[PDB]
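Peer 1: I have a structure I would like to understand better, so I am pasting it below and will then ask my questions one at a time.
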2 protein chains.
Amino acid sequence: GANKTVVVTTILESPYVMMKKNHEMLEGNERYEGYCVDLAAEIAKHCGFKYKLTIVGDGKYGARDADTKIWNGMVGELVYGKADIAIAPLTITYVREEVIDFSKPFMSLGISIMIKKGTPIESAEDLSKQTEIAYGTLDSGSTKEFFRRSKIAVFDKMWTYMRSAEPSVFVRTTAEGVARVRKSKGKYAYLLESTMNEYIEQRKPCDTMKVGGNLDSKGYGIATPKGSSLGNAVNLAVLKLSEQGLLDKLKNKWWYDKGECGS
Amino acid sequence: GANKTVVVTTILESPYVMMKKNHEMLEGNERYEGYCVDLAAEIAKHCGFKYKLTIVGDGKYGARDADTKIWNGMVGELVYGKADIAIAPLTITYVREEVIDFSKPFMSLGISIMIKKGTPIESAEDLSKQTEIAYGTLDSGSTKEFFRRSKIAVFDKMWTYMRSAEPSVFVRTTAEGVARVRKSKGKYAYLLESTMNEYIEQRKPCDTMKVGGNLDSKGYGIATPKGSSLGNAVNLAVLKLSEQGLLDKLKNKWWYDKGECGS
Ligand SMILES: O=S1(=O)CC[C@@H](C2CC2)c2ccc(F)cc21
Ligand SMILES: O=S1(=O)CC[C@@H](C2CC2)c2ccc(F)cc21
Ligand SMILES: N[C@@H](CCC(=O)O)C(=O)O
Ligand SMILES: N[C@@H](CCC(=O)O)C(=O)O
Ligand SMILES: C[As](C)(=O)[O-]
Ligand SMILES: C[As](C)(=O)[O-]
Ligand SMILES: [Cl-]
Ligand SMILES: [Cl-]
Ligand SMILES: [Cl-]
Ligand SMILES: [Cl-]
Ligand SMILES: [Cl-]
Ligand SMILES: [Cl-]
Ligand SMILES: [Zn+2]
Ligand SMILES: [Zn+2]
Ligand SMILES: [Zn+2]
Ligand SMILES: [Zn+2]
């Protein structure tokens with residue numbers, strides 16, 4: 001039928017989607033800024049659709065409850081028909097690809113370690129061989145699932161510790177994990193995706209750093225419900241933006257051009 | 001109908017697919033070794049098919065002739081029904097994704113610079129600002145197309161030089177490009193994918209090196225003809241192998257465990 005405004009689900013996560021300063025009482029898409037706001041504008045332009053940005057109701061990325069089998073987060077909004085597309089730092093995973101469609105990745109990342117500067121930790125192995133420094137992940141995302149599912153000795157040892165550690169080492173938002181690192185005097189390290197780690201490393205007060213290599217290698221993709229008519233065009237649009245260098249320009253724009261910790 | 005042996009097209013490119021020493025007179029898949037041989041075995045196992053490895057007849061990756069509009073290389077073998085699947089260092093690109101299907105990537109790479117050690121070159125900008133040192137690409141692949149299509153000032157300048165340079169700066173195989181670097185006393189630099197660059201850097205006589213950052217960011221994917229019944233299962237299999245850490249183990253096995261230039 002007639003063209004319809006596409007409902008985009010996304011998540012308030014810096015620097016992907018942020019409320020512009022003093023824009024809370026304004027309307028529509030102009031309230032928001034960030035890498036994924038710019039990406040949504042390009043994808044929509046290349047695919048020829050109008051869209052409305054909406055923030056996922058429960059503030060989550062997406063996981064399947066083991067008991068009820070219900071999907072939450074942005075994945076759930078696609079699965080249950082609340083949104084037409086997710087344009088967000090949403091990680092491509094096997095269990096998600098079974099229930100939604102992902103474009104080719106628009107950004108690469110891996111799980112990484114954030115420390116407060118000076119923390120005597122250089123690797124995941126270092127974390128796993130000690131107990132003075134606590135460590136955790138975002139509480140309902142692909143990083144937590146990576147540790148839950150891993151059969152690699154070091155990551156299995158870390159999961160065995162994290163899943164029963166008290167108080168909980170898991171946090172509700174990236175901002176909570178960063179704040180916990182910054183206030184714990186070196187006694188908390190946060191396991192998060194390298195993209196968010198490297199963004200925070202360039203933000204005042206410049207007191208965190210990414211240490212060691214990444215624990216895995218994957219990417220974010222644009223997600224659509226299974227069988228959506230948008231998937232084919234969205235996928236090609238990502239590849240076009242990649243080959244044009246636009247994705248590189250946007251990463252520099254939101255990570256490093258605006259860095260607050262020097263050159 | 002009944003299960004049929006899947007015809008795999010691939011390419012003789014180290015360390016992805018190599019003839020085992022003294023295996024030329026043997027038969028079937030056991031003749032070959034490499035990263036993509038190991039990957040094919042896993043993909044076939046996870047998808048439940050038997051397969052036959054075949055080397056692409058024309059030795060090419062795949063490009064579309066501007067005059068005849070015919071696809072060559074492994075892409076052509078899929079397009080024209082000569083093979084059922086390509087398991088190879090085949091780069092995900094927009095023009096290929098229009099005519100074949102790609103899985104999610106199984107390996108990341110970017111275009112990079114190979115120099116003979118000691119060459120006074122650190123970047124693509126350095127190459128573009130001088131003429132003493134020639135530079136080129138593989139003659140019928142995604143790297144050449146990257147330069148042909150780029151609107152970025154430095155890469156446009158490099159393309160303007162490469163496309164009319166005489167003798168040709170393009171080579172027929174990666175091995176030819178490496179040999180040209182090694183014998184040109186520093187007066188030829190080779191533009192190739194970072195994966196092949198970093199492999200050769202660890203091979204005797206240990207006289208080349210990768211310099212500068214990568215020029216772009218992309219990946220290899222497993223390719224199937226449009227609408228093939230294999231695509232969905234192959235795509236999930238790649239993600240499963242990724243999440244299990246198998247792709248990481250295979251990269252280490254074929255790049256660094258067997259490195260000949262020290263630790
Ligand atoms: O779509 S993926 O998650 C498939 C797995 C890995 C591949 C195995 C190296 C990967 C890497 C970069 C990226 F940007 C996305 C992805
Ligand atoms: O499937 S891709 O070619 C889509 C573009 C880039 C994305 C833009 C960063 C990418 C990166 C790693 C990889 F392994 C594959 C690909
Ligand atoms: N990008 C992740 C969320 C962040 C994390 O888990 O580290 C996801 O899609 O679940
Ligand atoms: N992987 C490339 C070939 C090598 C290159 O062009 O550098 C392709 O699929 O065309
Ligand atoms: C339920 As708990 C181990 O995250 O506090
Ligand atoms: C046709 As030519 C410029 O590669 O020798
Ligand atoms: Cl808009
Ligand atoms: Cl997941
Ligand atoms: Cl912009
Ligand atoms: Cl076999
Ligand atoms: Cl191409
Ligand atoms: Cl093995
Ligand atoms: Zn365990
Ligand atoms: Zn760093
Ligand atoms: Zn030009
Ligand atoms: Zn290097």
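Labels for the structure tokens follow display order: chains A, B, ..., residues from 1 in each chain, ligands from 1.
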Show me which residues sit within 10 Å of ligand 16 when counting only C-alpha atoms and all ligand atoms, and put them as a list in words.

Peer 2: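 The residues within 10 Å of ligand 16, counting only C-alpha atoms and all ligand atoms, are residues 194, 197, 198, 201, 209, 210, 211, 212 and 213 of chain B.
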
Peer 1: Neighbouring residues of ligand 11 are defined here as those with any atom at most 7 Å from a ligand atom, counting only C-alpha atoms and all ligand atoms; list them as a compact mmCIF listing (two decimals) with N, CA and C atoms, in the first residue's frame.

Peer 2:
# COMPACT_ATOMS: atom_id res chain seq x y z
N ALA B 63 35.03 -10.21 -11.24
CA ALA B 63 34.71 -8.87 -11.69
C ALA B 63 33.81 -9.02 -12.90
N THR B 93 31.37 -7.01 -1.26
CA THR B 93 31.24 -5.72 -1.91
C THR B 93 29.81 -5.52 -2.39
N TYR B 94 29.47 -4.25 -2.60
CA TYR B 94 28.12 -3.89 -3.04
C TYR B 94 27.78 -4.52 -4.38
N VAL B 95 28.69 -4.43 -5.36
CA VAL B 95 28.34 -4.91 -6.69
C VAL B 95 28.21 -6.42 -6.69
N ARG B 96 28.99 -7.12 -5.85
CA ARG B 96 28.84 -8.57 -5.77
C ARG B 96 27.56 -8.96 -5.03
N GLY B 141 40.27 -7.58 -8.89
CA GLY B 141 39.75 -7.84 -7.56
C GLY B 141 39.13 -6.64 -6.89
N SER B 142 38.76 -6.76 -5.62
CA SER B 142 38.09 -5.66 -4.94
C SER B 142 39.04 -4.50 -4.63
N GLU B 145 39.13 -2.22 -7.71
CA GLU B 145 37.86 -1.51 -7.82
C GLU B 145 37.74 -0.41 -6.77

Peer 1: As a tab-separated table (two decimals) with C-alpha atoms, in the first residue's frame, please: chain A after a least-squares superposition onto chain B using all C-alpha atoms matched in order.

Peer 2:
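result15.tsv written:
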chain	number	residue	atom	x	y	z
A	1	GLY	CA	15.44	-34.29	-4.20
A	2	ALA	CA	18.22	-36.50	-2.84
A	3	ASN	CA	21.24	-34.94	-1.20
A	4	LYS	CA	23.87	-33.98	-3.77
A	5	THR	CA	27.57	-33.25	-3.36
A	6	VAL	CA	28.01	-29.49	-3.07
A	7	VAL	CA	30.49	-28.00	-5.54
A	8	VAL	CA	32.77	-25.56	-3.71
A	9	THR	CA	34.70	-23.04	-5.76
A	10	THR	CA	37.85	-21.61	-4.16
A	11	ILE	CA	41.20	-20.15	-5.19
A	12	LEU	CA	44.84	-21.14	-4.68
A	13	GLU	CA	45.88	-18.31	-2.33
A	14	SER	CA	48.10	-18.87	0.68
A	15	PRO	CA	47.31	-19.64	3.47
A	16	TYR	CA	43.64	-20.05	2.55
A	17	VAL	CA	43.96	-22.95	0.07
A	18	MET	CA	47.28	-24.60	-0.80
A	19	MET	CA	48.25	-27.79	-2.56
A	20	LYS	CA	49.82	-30.12	-0.01
A	21	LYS	CA	53.40	-30.97	-0.85
A	22	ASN	CA	53.54	-33.91	-3.31
A	23	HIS	CA	49.73	-34.25	-3.45
A	24	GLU	CA	49.26	-33.21	-7.10
A	25	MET	CA	48.54	-36.79	-8.25
A	26	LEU	CA	46.08	-37.60	-5.44
A	27	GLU	CA	42.31	-37.17	-5.57
A	28	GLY	CA	39.59	-35.19	-3.89
A	29	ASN	CA	39.68	-32.83	-0.97
A	30	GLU	CA	42.67	-34.34	0.82
A	31	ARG	CA	45.02	-32.72	-1.70
A	32	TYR	CA	44.43	-29.25	-0.20
A	33	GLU	CA	45.20	-27.52	3.09
A	34	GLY	CA	44.63	-24.11	4.57
A	35	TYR	CA	42.29	-21.80	6.47
A	36	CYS	CA	39.48	-22.13	3.93
A	37	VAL	CA	39.89	-25.91	3.69
A	38	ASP	CA	39.38	-26.11	7.46
A	39	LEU	CA	36.49	-23.64	7.25
A	40	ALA	CA	34.79	-25.62	4.46
A	41	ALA	CA	34.98	-28.78	6.59
A	42	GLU	CA	33.29	-27.01	9.52
A	43	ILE	CA	30.63	-25.27	7.43
A	44	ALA	CA	29.76	-28.52	5.68
A	45	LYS	CA	29.57	-30.32	9.02
A	46	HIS	CA	27.33	-27.71	10.61
A	47	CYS	CA	25.10	-27.55	7.54
A	48	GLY	CA	25.07	-31.32	6.90
A	49	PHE	CA	26.34	-31.55	3.33
A	50	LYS	CA	29.08	-33.39	1.46
A	51	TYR	CA	31.26	-31.27	-0.78
A	52	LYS	CA	33.97	-31.29	-3.45
A	53	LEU	CA	36.66	-28.60	-3.47
A	54	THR	CA	37.36	-27.18	-6.94
A	55	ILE	CA	39.81	-24.46	-7.93
A	56	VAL	CA	38.22	-21.65	-9.95
A	57	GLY	CA	39.05	-22.19	-13.59
A	58	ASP	CA	40.35	-18.71	-14.44
A	59	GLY	CA	42.17	-18.10	-11.15
A	60	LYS	CA	40.26	-14.91	-10.44
A	61	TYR	CA	38.13	-13.60	-7.60
A	62	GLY	CA	35.41	-12.00	-9.68
A	63	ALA	CA	34.71	-8.87	-11.69
A	64	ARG	CA	32.12	-7.90	-14.28
A	65	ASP	CA	33.43	-7.05	-17.75
A	66	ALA	CA	32.22	-3.57	-18.67
A	67	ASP	CA	31.70	-4.53	-22.32
A	68	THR	CA	30.26	-8.05	-22.21
A	69	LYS	CA	28.73	-7.71	-18.72
A	70	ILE	CA	29.98	-11.24	-17.98
A	71	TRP	CA	31.19	-12.10	-14.49
A	72	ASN	CA	34.53	-13.92	-14.20
A	73	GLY	CA	36.26	-15.64	-11.30
A	74	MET	CA	34.52	-17.34	-8.42
A	75	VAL	CA	31.64	-14.87	-8.61
A	76	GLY	CA	31.07	-15.95	-12.22
A	77	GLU	CA	31.12	-19.64	-11.25
A	78	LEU	CA	28.26	-18.95	-8.82
A	79	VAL	CA	26.35	-16.66	-11.17
A	80	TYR	CA	26.43	-19.11	-14.08
A	81	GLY	CA	25.77	-22.25	-12.07
A	82	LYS	CA	29.22	-23.86	-12.18
A	83	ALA	CA	29.56	-23.98	-8.39
A	84	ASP	CA	27.14	-24.10	-5.45
A	85	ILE	CA	29.19	-22.11	-2.94
A	86	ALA	CA	32.43	-20.13	-2.74
A	87	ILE	CA	34.56	-20.61	0.37
A	88	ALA	CA	37.54	-18.33	-0.16
A	89	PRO	CA	39.03	-14.93	0.75
A	90	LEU	CA	36.22	-13.37	-1.29
A	91	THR	CA	35.54	-9.77	-0.32
A	92	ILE	CA	32.03	-8.58	0.49
A	93	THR	CA	31.24	-5.72	-1.91
A	94	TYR	CA	28.12	-3.89	-3.04
A	95	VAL	CA	28.34	-4.91	-6.69
A	96	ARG	CA	28.84	-8.57	-5.77
A	97	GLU	CA	26.02	-8.55	-3.16
A	98	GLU	CA	23.71	-7.45	-5.98
A	99	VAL	CA	24.28	-10.71	-7.89
A	100	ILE	CA	25.28	-13.30	-5.24
A	101	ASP	CA	24.52	-13.77	-1.53
A	102	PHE	CA	27.21	-13.37	1.16
A	103	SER	CA	27.17	-14.80	4.66
A	104	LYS	CA	28.10	-12.57	7.56
A	105	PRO	CA	31.90	-12.09	7.36
A	106	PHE	CA	34.19	-14.83	8.61
A	107	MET	CA	37.34	-12.67	8.55
A	108	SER	CA	38.01	-8.92	8.69
A	109	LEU	CA	40.53	-7.08	6.53
A	110	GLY	CA	41.35	-3.75	4.97
A	111	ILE	CA	43.45	-2.60	2.06
A	112	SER	CA	47.03	-2.12	3.26
A	113	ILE	CA	50.53	-1.29	1.98
A	114	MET	CA	53.29	-3.88	1.64
A	115	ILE	CA	56.83	-2.53	1.33
A	116	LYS	CA	60.22	-4.09	1.13
A	117	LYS	CA	61.86	-3.37	4.49
A	118	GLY	CA	63.55	0.02	4.51
A	119	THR	CA	61.33	1.63	1.85
A	120	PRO	CA	60.71	5.31	2.88
A	121	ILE	CA	56.92	4.96	2.81
A	122	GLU	CA	54.59	5.08	5.81
A	123	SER	CA	51.14	5.80	4.36
A	124	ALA	CA	48.98	6.03	1.26
A	125	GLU	CA	49.49	9.79	1.36
A	126	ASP	CA	53.26	9.20	1.22
A	127	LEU	CA	52.81	7.01	-1.87
A	128	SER	CA	50.60	9.61	-3.58
A	129	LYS	CA	53.07	12.49	-3.07
A	130	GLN	CA	56.03	10.88	-4.86
A	131	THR	CA	56.92	9.06	-8.07
A	132	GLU	CA	60.21	7.21	-7.42
A	133	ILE	CA	58.34	4.24	-5.92
A	134	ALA	CA	55.75	2.54	-8.11
A	135	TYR	CA	52.72	0.82	-6.60
A	136	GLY	CA	49.86	-1.32	-7.79
A	137	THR	CA	47.21	-3.88	-6.97
A	138	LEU	CA	45.89	-7.26	-7.97
A	139	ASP	CA	44.53	-6.84	-11.45
A	140	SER	CA	40.93	-8.11	-11.14
A	141	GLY	CA	39.75	-7.84	-7.56
A	142	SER	CA	38.09	-5.66	-4.94
A	143	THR	CA	41.25	-3.66	-4.23
A	144	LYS	CA	41.56	-2.44	-7.80
A	145	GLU	CA	37.86	-1.51	-7.82
A	146	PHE	CA	38.27	0.38	-4.53
A	147	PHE	CA	40.76	2.73	-6.19
A	148	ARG	CA	38.80	2.92	-9.44
A	149	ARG	CA	35.68	4.06	-7.55
A	150	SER	CA	37.13	6.17	-4.74
A	151	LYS	CA	36.30	9.86	-4.44
A	152	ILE	CA	38.74	10.39	-1.56
A	153	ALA	CA	41.40	12.83	-2.74
A	154	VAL	CA	44.46	10.71	-1.93
A	155	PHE	CA	43.04	7.47	-3.35
A	156	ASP	CA	41.79	9.28	-6.45
A	157	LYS	CA	45.30	10.63	-7.01
A	158	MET	CA	46.72	7.11	-6.61
A	159	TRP	CA	44.20	5.69	-9.07
A	160	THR	CA	44.95	8.38	-11.65
A	161	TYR	CA	48.59	7.30	-11.48
A	162	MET	CA	48.05	3.54	-11.37
A	163	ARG	CA	45.55	3.28	-14.22
A	164	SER	CA	47.98	4.75	-16.78
A	165	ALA	CA	51.36	3.74	-15.35
A	166	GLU	CA	53.61	1.81	-17.74
A	167	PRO	CA	54.68	-0.94	-17.37
A	168	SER	CA	51.49	-2.10	-15.69
A	169	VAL	CA	51.60	-1.84	-11.92
A	170	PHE	CA	48.89	-4.51	-11.66
A	171	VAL	CA	49.71	-8.17	-11.11
A	172	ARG	CA	47.91	-11.41	-11.88
A	173	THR	CA	48.31	-13.08	-8.49
A	174	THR	CA	49.26	-12.10	-4.96
A	175	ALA	CA	52.43	-14.16	-5.34
A	176	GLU	CA	53.42	-12.01	-8.33
A	177	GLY	CA	52.89	-8.81	-6.34
A	178	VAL	CA	54.99	-10.09	-3.43
A	179	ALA	CA	57.77	-11.23	-5.77
A	180	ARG	CA	57.73	-7.80	-7.43
A	181	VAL	CA	58.12	-6.03	-4.08
A	182	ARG	CA	60.93	-8.38	-3.09
A	183	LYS	CA	62.94	-7.95	-6.30
A	184	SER	CA	62.42	-4.22	-6.91
A	185	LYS	CA	64.92	-2.99	-4.30
A	186	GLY	CA	62.28	-0.83	-2.65
A	187	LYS	CA	60.94	0.76	-5.85
A	188	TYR	CA	57.63	-1.15	-5.88
A	189	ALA	CA	55.05	-1.20	-3.09
A	190	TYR	CA	52.08	-3.57	-3.28
A	191	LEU	CA	48.53	-2.62	-2.21
A	192	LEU	CA	46.82	-5.75	-0.88
A	193	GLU	CA	44.45	-6.93	1.82
A	194	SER	CA	45.83	-6.78	5.34
A	195	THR	CA	45.29	-10.53	5.90
A	196	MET	CA	47.57	-11.48	3.01
A	197	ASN	CA	50.03	-8.74	3.98
A	198	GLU	CA	50.30	-9.95	7.56
A	199	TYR	CA	50.67	-13.58	6.39
A	200	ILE	CA	53.58	-12.73	4.06
A	201	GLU	CA	55.20	-10.63	6.78
A	202	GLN	CA	55.65	-13.87	8.75
A	203	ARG	CA	57.13	-15.86	5.84
A	204	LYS	CA	60.79	-16.22	4.96
A	205	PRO	CA	62.84	-14.42	3.81
A	206	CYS	CA	61.12	-11.95	6.17
A	207	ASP	CA	61.92	-8.93	4.01
A	208	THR	CA	58.48	-7.30	3.66
A	209	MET	CA	56.31	-5.44	6.13
A	210	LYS	CA	52.88	-3.89	6.41
A	211	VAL	CA	53.10	-0.14	6.92
A	212	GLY	CA	50.53	2.45	7.94
A	213	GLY	CA	46.90	1.95	8.85
A	214	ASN	CA	44.42	0.16	6.64
A	215	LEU	CA	42.76	2.16	3.91
A	216	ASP	CA	39.30	0.67	4.45
A	217	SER	CA	37.48	-1.87	6.58
A	218	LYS	CA	35.54	-4.86	5.30
A	219	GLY	CA	35.52	-8.64	5.31
A	220	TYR	CA	35.38	-11.95	3.49
A	221	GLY	CA	32.11	-13.82	3.31
A	222	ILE	CA	30.95	-17.19	2.10
A	223	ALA	CA	29.06	-16.71	-1.14
A	224	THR	CA	26.14	-18.61	-2.62
A	225	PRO	CA	24.04	-18.03	-5.75
A	226	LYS	CA	21.01	-15.81	-5.30
A	227	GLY	CA	18.20	-17.75	-3.68
A	228	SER	CA	20.29	-20.82	-2.88
A	229	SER	CA	18.81	-23.09	-0.23
A	230	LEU	CA	22.23	-23.16	1.47
A	231	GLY	CA	22.46	-19.46	2.33
A	232	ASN	CA	20.49	-19.39	5.57
A	233	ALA	CA	22.27	-22.34	7.18
A	234	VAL	CA	25.68	-21.14	5.96
A	235	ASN	CA	25.10	-17.71	7.48
A	236	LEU	CA	24.17	-19.14	10.88
A	237	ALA	CA	27.12	-21.55	10.71
A	238	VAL	CA	29.55	-18.64	10.28
A	239	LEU	CA	28.10	-16.90	13.33
A	240	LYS	CA	28.31	-20.14	15.35
A	241	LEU	CA	31.95	-20.65	14.36
A	242	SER	CA	32.65	-17.02	15.26
A	243	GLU	CA	31.01	-17.27	18.69
A	244	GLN	CA	32.75	-20.56	19.44
A	245	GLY	CA	36.15	-18.98	18.84
A	246	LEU	CA	36.90	-21.37	15.97
A	247	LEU	CA	37.59	-18.60	13.45
A	248	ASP	CA	40.13	-17.08	15.86
A	249	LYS	CA	41.80	-20.47	16.35
A	250	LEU	CA	42.04	-21.02	12.59
A	251	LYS	CA	43.57	-17.61	11.98
A	252	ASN	CA	46.23	-18.28	14.60
A	253	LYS	CA	46.81	-21.76	13.16
A	254	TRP	CA	47.51	-20.54	9.62
A	255	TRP	CA	49.08	-17.11	10.25
A	256	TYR	CA	51.10	-17.15	13.45
A	257	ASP	CA	51.48	-20.68	14.81
A	258	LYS	CA	53.36	-21.40	11.57
A	259	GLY	CA	55.21	-18.07	11.42
A	260	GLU	CA	58.75	-18.32	10.06
A	261	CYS	CA	60.08	-14.93	11.23
A	262	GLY	CA	60.33	-15.54	14.97
A	263	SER	CA	57.89	-15.03	17.81

Peer 1: Could you tell me how far atom 1 (Zn, counted along the ligand's line) of ligand 13 sits from atom 14 (F, counted along the ligand's line) of ligand 1, in Å to one decimal place?

Peer 2: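 Atom-to-atom, atom 14 (F, counted along the ligand's line) of ligand 1 to atom 1 (Zn, counted along the ligand's line) of ligand 13, that is 26.7 Å.
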
Peer 1: Using DSSP on the backbone, list every residue of region 73-262 of chain B that comes out as helix (DSSP H, G or I), and give them as a ChimeraX atom specification.

Peer 2: /B:73-79,94-97,124-128,142-149,153-162,174-183,194-201,231-243,246-255

Peer 1: Which of region 97-192 of chain B counts as strand (DSSP E or B) under DSSP, as a PyMOL selection string please?

Peer 2: chain B and resi 100-102+107-109+111-116+134-136+138+171+188-192
